[PDB]
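To begin, one chain is listed below as structure tokens, in the form deposited in one PDB entry.
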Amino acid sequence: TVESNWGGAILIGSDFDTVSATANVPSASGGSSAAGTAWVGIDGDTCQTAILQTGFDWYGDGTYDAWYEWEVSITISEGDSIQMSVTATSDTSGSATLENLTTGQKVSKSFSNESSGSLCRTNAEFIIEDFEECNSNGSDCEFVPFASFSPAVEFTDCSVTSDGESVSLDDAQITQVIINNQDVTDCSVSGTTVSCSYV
């Protein structure tokens, strides 16, 4: 039973522009069906009409993949340093960028005229998540088994902007992935770092 699927820091405000940070790719275990993901994004918390996000996944069988969303796919390896970033130029346009830094690869995606859902630009976040997997049309959805990972996934040089100005993570709310009434992450904040250890 997954009670909380998000772990990390969530900032609440207005006119959020850019959210970015660099995260290390951890080693994962627990089998091919076990997984986890690390991403940065805007909205999706108090703003439930849309979510601009980009990040990467790790599976218990040693594999990884990258994605963006308002598509999946750069090659990712354990230990790589990934710089993630999303920008919302308006409530219906923006961009998502992922840069491996270690391999020198980089992917980017520009969005515009997004009608299927607008942003509010009121939530900014750095998250570690036990994501869902759906199918059978759109009915059956389930949380993937949560993979154990190490070392801790750290979002360093975290950066949040609103109205062009910088916003610290000092007043961010903190959440933890919780399964079977047990914290499975220990995410904490400090300076410009959001550090999440698997538990």
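Numbers for residues come from their place in the sequence shown, where the first is 1. Each form is matched to the other, and the largest set of C-alpha atoms that superpose within 1.5 Å is called the rigid core. Only residues modelled in both forms are compared.
Although it is not shown, the form deposited with a partner chain bound is what the next lines describe.
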query: Sole residue of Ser168, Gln48, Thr63, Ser150 within 4.5 Å of its partner chain in the deposited bound form, by heavy atom; finding: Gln48
query: Proximity to its partner chain in the deposited bound form (heavy atom, within 4.5 Å), stretch among 75-83, 124-132, 108-116, 94-102; finding: 124-132
query: Triple contact flag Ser33, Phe146 and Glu154 to its partner chain in the deposited bound form, non-hydrogen atom at 4.5 angstroms; finding: no
query: Its partner chain contact at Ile179 in the deposited bound form, heavy atom, 4.5 Å; finding: no
query: Partner contact for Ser20 in the deposited bound form: its partner chain, 4.5 angstroms, heavy atom; finding: no
query: 4.5 Å heavy atom contact, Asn5 to its partner chain in the deposited bound form; finding: yes
query: Moved runs of 3+ residues, each with a C-alpha displacement of 2 angstroms or more between this form and the one not shown on the rigid core; finding: 71-73, 135-139
